Every structure is written in C-alpha cells, then in structure tokens.
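First up is the structure itself, then whatever we jot down about it.
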Amino acid sequence: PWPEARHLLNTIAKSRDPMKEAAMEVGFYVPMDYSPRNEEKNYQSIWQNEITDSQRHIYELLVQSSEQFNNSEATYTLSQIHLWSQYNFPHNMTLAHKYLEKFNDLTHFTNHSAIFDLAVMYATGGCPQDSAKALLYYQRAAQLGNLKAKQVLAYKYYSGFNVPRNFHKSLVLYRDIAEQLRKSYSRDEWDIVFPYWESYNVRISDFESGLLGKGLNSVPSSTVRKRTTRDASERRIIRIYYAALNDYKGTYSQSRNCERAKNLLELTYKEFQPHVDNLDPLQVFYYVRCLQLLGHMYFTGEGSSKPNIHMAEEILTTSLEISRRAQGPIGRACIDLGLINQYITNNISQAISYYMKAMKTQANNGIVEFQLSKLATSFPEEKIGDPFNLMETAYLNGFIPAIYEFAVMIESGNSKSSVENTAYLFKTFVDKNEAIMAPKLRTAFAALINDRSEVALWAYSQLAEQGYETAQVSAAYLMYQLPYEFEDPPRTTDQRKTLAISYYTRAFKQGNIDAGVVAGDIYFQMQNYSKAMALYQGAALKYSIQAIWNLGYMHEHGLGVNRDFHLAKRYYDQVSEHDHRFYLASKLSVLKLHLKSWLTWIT
Amino acid sequence: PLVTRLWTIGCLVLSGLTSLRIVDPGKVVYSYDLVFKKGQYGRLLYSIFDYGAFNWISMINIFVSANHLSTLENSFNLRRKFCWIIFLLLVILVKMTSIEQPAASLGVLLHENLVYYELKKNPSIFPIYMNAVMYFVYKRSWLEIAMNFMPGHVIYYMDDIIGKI
Amino acid sequence: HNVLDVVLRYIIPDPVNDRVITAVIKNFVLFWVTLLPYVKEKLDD
Amino acid sequence: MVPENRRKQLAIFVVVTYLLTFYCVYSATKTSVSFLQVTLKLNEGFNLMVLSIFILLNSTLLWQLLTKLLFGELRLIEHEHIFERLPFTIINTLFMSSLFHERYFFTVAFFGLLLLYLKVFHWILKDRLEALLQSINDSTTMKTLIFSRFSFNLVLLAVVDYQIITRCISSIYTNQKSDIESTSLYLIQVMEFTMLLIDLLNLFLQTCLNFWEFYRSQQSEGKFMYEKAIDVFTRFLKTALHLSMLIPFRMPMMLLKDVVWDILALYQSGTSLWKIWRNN
C-alpha cells in the first residue's frame, strides 16, 4: 500500500514557512505554563474535529502500513510527521519516541539522523535522563560521520559540561570539522563572494521587553536586522531606497525578495539617469547608494540568471565618477571593482590601488584584507603589509573565511601557539558559518509564528547542545520566564525547571551574564537559598546591578547568612555608586534598613 | 483671579508636559503656516498657554505676568469688552503672523499686548522689563515689533474714540 | 504746540459728516505721535 | 488665612492626589518584574511630577502641624508680615534654583524650601519677641521659666541651623571632589543659614539688653545707642561674611544685589552713627 500512500503524500505540502510567503504581498505569543493533561485534551480535540477525512484515511493507511509490515519507511515518515508537525498533523512527543525506537531496531544503528534525535531525547529526558546512554549514542553517531554529532561532542569536551575538561580532543575534532566544511565550498563561493545566508542566530525574547526587565539587563540587545528606517520630490527617492534595502536583506518577519528589488532598481535608474544633475541637495547621496546596491546585485547574479560583467562595471565606474564630486561613499563600489578586475580581467595593480582606496572605509568588513593577504603571499615583491598583520586584522573584523585561513596560518607558525587560542578559533569558525550546521533555526522560527510552540521547544533544545548560546537562552525562556510582581509563578512540572536551570547556567558560563540572575531566582523560588548566592556573586563579579541588589536582599534577610546589616548597607552603597538612575532605590532601601533597626532598638 | 488662575495653571501644566516631552513638541510650536494648512486651533491656544516653557526664569515670568493680568482684569466689570478686544487682537495678530510668522509663542504676544493696552489706557520691575525685552527681541524685524505693540493700542484707540464719538 | 492742534482740526466738521474715513486717518496720524499722552489729554481741551 | 471654599478646595485636592498617586504606583507595580524595575519606572517623567506634587503636599501638611505645635495659633499681625515678605523671598530662592542644571535639581529644592520654612520661623519668632516686649506684664519678673521658654524656641532654631551648617561644611570638607559646583551650592546654603544664625544672635542680644534693663529696673544712658550698636554690629558681621564668602565663589549676580542691599544697610549704619553722635 506504501506506493499509493506516498503518491497521496506528495499532495499536501508538508510544511509552510510564512517567513517566505510574506514576500509575495510582526510578533507572536508564547505560553506561560504547561499541563500534560491539558495538552492531551487539546490533541484529543484536534483529532476529533479539525482533521479532514482525507487526512483520516491517509493516516490510517499509513499506520496500517507501518504495523502490519515492518515497512521501515512508513515508520520513519510517521516519526517525522508526529515530530515536526508537517502536513498539518499535531505534535506528539511520546509517540515519536516509540516509532524512532522501532526504526533504530530495524536498521540496527546505521541511519544516523534517528540516532541523533534519539540521543538528544535521551539526554534531555523528555519522553529521566541518563548521560551514559546519551554519550554512547553520540559516540556511535560520530563514528558514522555526521557533523552535528562531532560538533556537540567536541563542544562538550570544550565547555567541560558533564565530562572532564579536555582541550586536545575539542581541538582535534574542530580541526576535522572545519576541514570537512572547507571542502563544502566551491572555489568561487569561497574566494569570490561569500554566499549570503539569512542569519537567524537572534535569540528569542528581544522582540519583547527583554530579559529581566527593560532598561536593566547588561548584555546589549541582539536583534541586528529588523526593518531598518530613518516631501513629494525628495522623499520619493528616500522611500524608494529604503524599500529596496528592506527587500534586499530580508527581515525576520519576511524573507528577502530578490527579483523585486532588481526590477525596481532597473526602473529608478532608467527613470532618473538623464537629469541626475539636478538632485544635488540630498537626493544625490541616496541615488548613488541605490546605484551601488544595484551594481552589486548585478555583479552577484542574485535575482536573475547570470551576472552582467561589463554592465555592472560601467555602472559602478559611473557611480564612482558621480561620487567624486559631492564626496559620497566610495566603499562598496571600490570593493566590487577590485573583485572584478582581480579575477574577471587580470589587471592587478589597479585592483591594489582600489583596495587601498577602500581600506580605511567603514562598510568594509573583511574581504579587503583577506584578498590583500592572498595577493601579498602570492607576490611578496609588492611590499604590501605583512600577511600575519592582514589576516589578524581580518579575523578581528568578522569575515568568515578569514577565520579558517588565520587558524591555518597560526597553527603552522610560535606567536603564542597556546592550545586555547586555536581551540577558540576553530570553535568560532565552526559554529559561525551556521548555514550547514544550524538550518533548523529557520524551521524553529517558522513553527514559532504559527501556534506550534512545542516543536519550537524541541528544535531549540536540540540546537542548544551544539553550543549556539542564543538557542540556549531561547529554549530556557520558552520553558520558564520571570513572572510579574505579586502574581502567581508558573505551574509547570519540575523536570522542566531542572532543564531550564542547566540551560541558563551553561549560557552564563558561555559569556552572557543576565541569565545567571534568572537561574538564581529559579533556585530561590525552588527554595534552595544555598547555591543561589554563588551565581549572584559570580555575576556581581561582572557588575550586575539587579544581582547585587538581590544579593543585598539575600543577606539582610535571615536566609543562608544571618542578618549582617552592615554589609547590606555596603552593597546598597555600591549599587548606588556604579550606576546613577538607581539613587532613589538605594536610599529607600537603606531607609527600610534603618527603620528595621529602630524598631528593634525600641524592643 | 479666576480666569487668570486658569491661564497660569494651563501655562504651568503645559510647561510640565513639554518639560518631559510627554506631548510631541513638533505640534505645539504650530505657527500660522502650520495651523493654517492643518486647521489646528488647539495649537494656537497652546501657543497662548506655552513658551516652549521649561525655564524657571520663564516660570517667574508666568507668575509675575499673570499677576499683571489680574491687575488689568480686576479693574473692569466690563469683561464683555475684554472678550471683544482679546478676540479682535487674536484675529489681527493671526493676519500679521500670516504676513510674518514670528518666533515667539503666542502667549508672550497676547500678554504683552494686553499689558500695553492697559498701560496706554493709563512690583513695577516686570512691566517695564517685558516692554524693554520684547522691544529688543522683535525690533529687528520691520513688522514683528508692529505685532508686538501697535495692534493693542490700535484697539485701545478705537475704544478711546468710540468713547469720544 | 498748537500746531498739533491744527493737525487735530479736520475737514468739514462735525463728527456727523461722511468724512469718517478722514477722521480715522487723521486719528492714525495722531497714533503715529502716541509717544506723549499730553496730546490725548488735551484733545478734550 | 484660608476661607471655607479654600478649605474644601484643599480637601478635594488632597484626596485627588492620594488617589492619583495610588493608581500610578499600583499600575507601575502590576506592569513590572523587580523592585528595581518599578523604581526605575516611577522615575519616569509623568509619574515623577505626580510623585513630586505628592511630596510637596505632604511636606506642607507636616509644616502646618509643626507650626501648630510650636506656636499654637498666630496673631493676625504675624500673618500680615508673612503675606508681606514671602513673595520677594520666594523669587530670590527661585533665583537660587536657577543657577544649576538637571544635575543639581531635587536636593536643591529640598534645601531651598527648608531654608524658606526656617526663615518664616525666624520672622515669626522675631515678631513674637516684639509682642512679648509689648505684652510684657510687670506683675511678675522675667521668671527664669519665661525667658527659658522663649529661649527654648530660640535654641531649637539655633541648634537646628547649627547642626545643619556643620553637616554641610563637613560635606564640603570631606568632598574636595572634582565637581566644585556641588561645594559651591553648599557654601551658598551655608551663607543663608549663617545669615539666619547671625540674626538669631542679634535678637538674642537685643533680648538680653531688655532683660538686663528690666533686671536693674526692678533692682534699682541712651538705651537706643546700645540698640543701634547691636544693629550695626550684627549687620556688619553679616556684610563681613558676605564679603569673605562671595569673594571665593566670584558670584556674578547674587554678589551684586547682596552687596548693594548691604551697603544701603551701611548707609543706614552711617545714619545711626550720626544719631549716636547727636546723642554722644
């Protein structure tokens, strides 16, 4: 029956990511607490009502195919449905476990994706976790040659969570992984222009106020890109440029649309070219900007079939000419011209000149110095910087392939050849490329903005293992968030809480601060009072205000420590010191202290 | 000092609001051009109420000026005449703003012209203060100081000759 | 100076004439010399 | 004083402000996470001005009660003098507020209103003195308890401003900081409260004069000579301190009005000099 099943399944469009459908023509809601009975009843209702009889017959034929015959392919697909909630079926986390277990039995530890998913599920104890079985599964899955597995194992040896610390193993593994990655790029993608992938490394819960209150959390907001912005004649070009931009680097809500911007720029250039002269006041600036963006677009070939070399070349040289007067920006154009005349035509010295022209600019991120170093290495007789100097500057800047080339150079060279630095470098490269290792962020966000909250929990959790901090804080925030004052704390199961703890705290050890405060409040609500102060002190050692105040409130009440009002006053002085806007609160708290002291002084 | 009490209270509350940018300052500065294309007389009443007022010094100004306004309003139970004259003053100032669009807010202009009106019908620090400072600030424009002091005594002269007729 | 009194004099008295425009313009010229109320008090005299 | 309609105006104003501030605090609470957050939110502009209005009204009611305690009820002449002399003082205090920007806002108004209430106290006690002298009754002597009660009033005021100036000058001396403007403001308030203190000493010696007069009168030259002597002595001390303090700060404006009012006091001083010469 399986062939007919599959021929039917080709007709339902498993999953829709509106982040792209929004490109043809916001925010969301998270849950606060949880109940297993509640979700059982919800899923029962969904099975009762919303499902179409077509889906009824399809699912029944599928389960009959999977049970009667060990088809080993109706099993897997049904697992994938009941996990990712594709083809508009609900989420069951208990059933997918069973089916994946059966699949593992069938193919006898050879299909590594099921190994990965099953290992994660055993490591978080969704269904009691038992790290031994999880680690054996991770070993077995690394043997077969799955990248994500080797990554998470290397990481676990680098952050020392759950195992002894080891720099050498993480080093070797990351070297291997970066190798397999570098073999994944073509000679063109790597050298010429990097393939530009929509990053979703944004941690959730910045679309809301933030973590631990607004105007209060130390680590700066990280929502790099969402709807950039800033009366009849001029503002036309303003609106047109910003619309172009917004439709080039797609936002979080709506992905990019390439061809749209292409046609629009073609239009506006063809319309404004003959009398460009008259727009000196300010429209010159934005016109040059649009022209540069269009030329870059042409050179890449995005939004079309193939690039236009000579067309874009003349486009950009004219852009430069116009910019010579009115002294507009010169960067993107010069960069791209260098890219062209370095590879397409073989004139180097002018390319060198151009790179020099763009070096000290702003919009240059790293391509300048990378290309510079490559050339200087290929021709040492040009007397153009020092390869080490260039590559180090590059890596410091933030361009991807620079990392790998820099690590390659630094491993062969002493220049402080400590193992920690090489480990850090390989780690940063590996986890930064993000378009092969971490695609599931997209599916996560998608399931997020369309009412399927649980699967988002799963995906974010599975990622958190790999070290993508932002995933860690996200999964946490989905599992337990801070309640407003004089309002009930959430009513979720404990195991939920204990996972949230470990996630938050590892996020803390990663480099982020605020989360520690959340973990502390979590222990506090759990009534431990004992280890919390550890976290609080560690955070205060990085100047966390809320942490310090909370430390005070810990001391001055009898929990743990016993009523040292002196140190309490000291801490409140300290908080009033490091920051200004909290003067009032410091003083008012001091006054509560003094009143308590008088009231005891009377009796 | 009923109506003057309301005047100074509205003045100070608008000073408070604009001091904290609770209301968008781009709307209260609405001049004849802005109100005229927009039809927003509420901004004209605001400009009668406010100065872009945040200055403690301007607060002193409000206090002593409203004192003067009381010194002027008290002497007449012919307050219907006060309404007449303030309305005509308002409209002629609107026309002269259409010609000029001065910088100062309308509150300064209204109070100053009422003071000059009563001063030409007939402590002492503040009236001569305001006369001199406004003479200085708008003597630079041919018709700004006109709006400052001419129309008030224009109305008073009409009232005077009506008495004489 | 009685010369300002000559300026006060108007064409074709009395105030009941049609030359009220002449009245108001004479009055605007007197307004030009508003610097001293000494003329306003004397108007009655 | 206060008419009935004013009494009801104030009652309604008070309940208005209580409800308003209660609502703002409760709302800001419900929409917050941590005490720190709700602190930071309260300090938002709108809620800030609401809170400040609250603080003012509470302060004034406290002040009313404090006066009622110390002085029972006032005589109409006293209220007259108050209504007389408040406004210019209010204004010059505002001038004192005018000097410094958003940096020095609230503590400044605190010390200013404090100074204001104190000066009101000084004028009140001074007029109560002149009443005491007019209302003197030779039926009894200046019993140590009578003198002691009025001087209880006195020493309250005296040690109040004294502890004040000591604490402020200790702040200065301990704060040899980079923000010279802080110490500047401080020494200004010091100048004020010292004016007040010298006034205390003046009045004190005036009373001691009259008291020794009564002493001798019950027991056994030109008294006015000694009166004007006290006057010029004290105003000379005032002017001396103003010299010695407005030199360091180099005040632009308070300097001028201060010293000119002082030198007209010196004009009256020369008048008194000539009067004594006529009497000498």
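Chain lettering (A, B, ...) mirrors the order of the structure tokens, residue numbering begins at 1 for each chain separately, and ligand numbering begins at 1 in order of display.
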
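Using only C-alpha atoms, the chain D residues found within 10 Å of chain B amount to residues 44, 45, 46, 48, 49, 88, 90, 91, 94, 95, 97, 98 and 99 of chain D.
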
Since we have the selection now, will you write its residues out, keeping N, CA and C atoms, as a CSV table (one decimal), in the first residue's frame?
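The resulting result17.csv:
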```csv
chain,number,residue,atom,x,y,z
D,44,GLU,N,10.0,57.8,35.8
D,44,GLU,CA,9.5,58.4,34.5
D,44,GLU,C,8.9,59.7,34.8
D,45,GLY,N,9.1,60.6,33.8
D,45,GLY,CA,8.6,62.0,33.9
D,45,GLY,C,7.2,62.2,34.5
D,46,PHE,N,6.2,61.7,33.8
D,46,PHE,CA,4.8,61.9,34.3
D,46,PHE,C,4.6,61.5,35.8
D,48,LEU,N,6.9,61.1,37.7
D,48,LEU,CA,7.8,61.9,38.6
D,48,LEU,C,7.1,63.1,39.1
D,49,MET,N,6.5,63.9,38.1
D,49,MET,CA,5.8,65.1,38.5
D,49,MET,C,4.7,64.8,39.5
D,88,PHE,N,9.0,88.3,47.5
D,88,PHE,CA,10.4,88.5,47.0
D,88,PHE,C,11.3,87.4,47.5
D,90,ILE,N,10.5,84.2,48.0
D,90,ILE,CA,10.2,83.1,47.1
D,90,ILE,C,11.0,83.3,45.8
D,91,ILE,N,10.9,84.5,45.3
D,91,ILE,CA,11.5,84.7,44.0
D,91,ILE,C,13.0,84.5,44.1
D,94,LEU,N,14.0,81.1,44.1
D,94,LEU,CA,13.9,80.6,42.7
D,94,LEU,C,15.1,80.9,42.0
D,95,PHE,N,15.6,82.2,42.1
D,95,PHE,CA,16.9,82.6,41.5
D,95,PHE,C,18.0,81.6,41.9
D,97,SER,N,17.5,78.5,42.7
D,97,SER,CA,17.3,77.3,41.9
D,97,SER,C,17.8,77.4,40.5
D,98,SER,N,17.7,78.6,39.9
D,98,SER,CA,18.1,78.9,38.6
D,98,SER,C,19.5,78.6,38.2
D,99,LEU,N,20.4,78.4,39.2
D,99,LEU,CA,21.8,78.5,38.9
D,99,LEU,C,22.3,77.3,38.2
```

Alpha helix (DSSP H) positions in range 422-523 of chain A, given as a ChimeraX atom specification: /A:422-433,440-448,453-464,469-479,494-510,515-523

For residue 44 in chain B, work out the shell of residues within 9 Å, counting only C-alpha atoms and skipping chain neighbours fewer than 5 positions away, then give it as a ChimeraX atom specification. /B:28-32,35,49,105-106

Chain B residues near chain C within 12 Å, closest pair each, using only C-alpha atoms, as a tab-separated table:
```
residue	atom	partner	partner_atom	distance
B:119	CA	C:37	CA	11.1
B:120	CA	C:37	CA	8.3
B:121	CA	C:37	CA	9.6
B:122	CA	C:37	CA	8.9
B:149	CA	C:34	CA	11.8
B:150	CA	C:31	CA	9.3
B:151	CA	C:31	CA	11.1
B:152	CA	C:31	CA	11.9
B:153	CA	C:31	CA	8.6
B:154	CA	C:31	CA	8.1
B:155	CA	C:31	CA	11.4
B:156	CA	C:31	CA	10.9
B:157	CA	C:31	CA	8.0
B:158	CA	C:24	CA	9.0
B:160	CA	C:40	CA	9.7
B:161	CA	C:27	CA	8.8
B:162	CA	C:24	CA	11.2
B:163	CA	C:44	CA	11.6
B:164	CA	C:44	CA	8.8
B:165	CA	C:15	CA	7.4
```

Quick one: everything within 9 Å of residue 544 in chain A, counting only C-alpha atoms, minus sequence neighbours fewer than 5 positions away in the same chain. Send it as a VMD selection string. chain A and resid 217 to 218 513 to 514 517 536 539 549

I need the contact residues of chain A against chain D, so if you could list those with any atom within 9 Å, counting only C-alpha atoms, and return them as a PyMOL selection string, that would help. chain A and resi 212-216+482-487+546+549+581-582+584-585

May I have the residues within 12 Å of residue 42 in chain C as a ChimeraX atom specification, using only C-alpha atoms and disregarding those fewer than 4 positions away in the same chain? /C:1-2,4-5,8,36-38

Convert the current residue selection to file output with N, CA and C atoms, as a short mmCIF file (atom, residue, chain, number, x, y, z; two decimals), in the first residue's frame.
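Writing done, so here's out.cif:
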```
data_model
loop_
_atom_site.label_atom_id
_atom_site.label_comp_id
_atom_site.auth_asym_id
_atom_site.auth_seq_id
_atom_site.Cartn_x
_atom_site.Cartn_y
_atom_site.Cartn_z
N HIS C 1 2.51 122.58 21.58
CA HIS C 1 2.41 123.46 20.43
C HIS C 1 1.06 123.31 19.75
N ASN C 2 0.42 124.44 19.43
CA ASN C 2 -0.89 124.39 18.78
C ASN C 2 -0.83 123.84 17.37
N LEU C 4 0.06 120.88 16.60
CA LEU C 4 -0.62 119.59 16.72
C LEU C 4 -2.13 119.78 16.84
N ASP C 5 -2.56 120.93 17.37
CA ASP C 5 -3.99 121.24 17.37
C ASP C 5 -4.49 121.48 15.95
N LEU C 8 -5.03 118.25 14.63
CA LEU C 8 -6.30 117.78 15.17
C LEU C 8 -7.49 118.28 14.37
N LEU C 36 3.59 110.70 23.47
CA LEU C 36 3.24 111.50 24.64
C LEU C 36 1.73 111.57 24.81
N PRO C 37 1.18 111.09 25.93
CA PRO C 37 -0.28 111.21 26.13
C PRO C 37 -0.75 112.65 26.26
N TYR C 38 0.19 113.59 26.37
CA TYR C 38 -0.10 115.00 26.54
C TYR C 38 -1.05 115.50 25.46
#
```

Calculate how many Å separate CA of residue 491 in chain A from CA of residue 34 in chain A, rounding to one decimal. 6.7 Å

Can you measure CA of residue 189 in chain A to CA of residue 289 in chain A for me? One decimal in Å is fine. 25.1 Å

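Atom pair CA of residue 495 in chain A / CA of residue 448 in chain A: separated by 22.5 Å.
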
Spatial neighbours of residue 307 in chain A, 12 Å, only C-alpha atoms, chain gap at least 4 places, as a ChimeraX atom specification: /A:294-303,311-313,340,344

If you count only C-alpha atoms, which residues fall within 12 Å of residue 149 in chain D, apart from same-chain ones fewer than 5 positions away, as a ChimeraX atom specification? /D:70-71,129,132,142-144,154-156

How would the residues just chosen look if you wrote them out with N, CA, C and O atoms as an mmCIF file, in the first residue's frame?
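This is the output file selection03.cif:
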```cif
data_model
loop_
_atom_site.group_PDB
_atom_site.id
_atom_site.type_symbol
_atom_site.label_atom_id
_atom_site.label_comp_id
_atom_site.auth_asym_id
_atom_site.auth_seq_id
_atom_site.Cartn_x
_atom_site.Cartn_y
_atom_site.Cartn_z
ATOM 1 N N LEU D 70 4.458 74.320 67.571
ATOM 2 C CA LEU D 70 5.400 75.237 68.205
ATOM 3 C C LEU D 70 4.738 76.552 68.598
ATOM 4 O O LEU D 70 5.119 77.172 69.596
ATOM 5 N N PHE D 71 3.768 77.013 67.819
ATOM 6 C CA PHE D 71 3.229 78.345 68.039
ATOM 7 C C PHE D 71 1.727 78.373 68.274
ATOM 8 O O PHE D 71 1.136 79.457 68.235
ATOM 9 N N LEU D 129 8.707 87.928 69.748
ATOM 10 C CA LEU D 129 9.537 88.696 70.669
ATOM 11 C C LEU D 129 8.974 90.088 70.890
ATOM 12 O O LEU D 129 8.766 90.515 72.032
ATOM 13 N N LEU D 132 6.008 89.966 72.992
ATOM 14 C CA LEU D 132 6.392 89.702 74.370
ATOM 15 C C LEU D 132 6.810 90.984 75.068
ATOM 16 O O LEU D 132 6.402 91.254 76.202
ATOM 17 N N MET D 142 10.834 88.660 84.967
ATOM 18 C CA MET D 142 11.188 87.773 83.863
ATOM 19 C C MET D 142 11.642 86.448 84.467
ATOM 20 O O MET D 142 12.832 86.146 84.588
ATOM 21 N N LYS D 143 10.651 85.674 84.899
ATOM 22 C CA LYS D 143 10.929 84.398 85.532
ATOM 23 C C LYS D 143 11.815 83.556 84.631
ATOM 24 O O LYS D 143 11.653 83.549 83.406
ATOM 25 N N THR D 144 12.782 82.875 85.251
ATOM 26 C CA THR D 144 13.696 82.024 84.502
ATOM 27 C C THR D 144 12.944 81.063 83.593
ATOM 28 O O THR D 144 13.462 80.665 82.547
ATOM 29 N N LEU D 154 14.091 79.656 70.804
ATOM 30 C CA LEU D 154 15.314 80.170 70.208
ATOM 31 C C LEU D 154 16.304 79.051 69.941
ATOM 32 O O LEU D 154 16.721 78.835 68.803
ATOM 33 N N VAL D 155 16.671 78.314 70.982
ATOM 34 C CA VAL D 155 17.730 77.327 70.871
ATOM 35 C C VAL D 155 17.312 76.195 69.958
ATOM 36 O O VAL D 155 18.158 75.606 69.280
ATOM 37 N N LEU D 156 16.022 75.861 69.912
ATOM 38 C CA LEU D 156 15.567 74.962 68.865
ATOM 39 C C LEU D 156 16.067 75.459 67.528
ATOM 40 O O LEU D 156 16.826 74.775 66.834
#
```
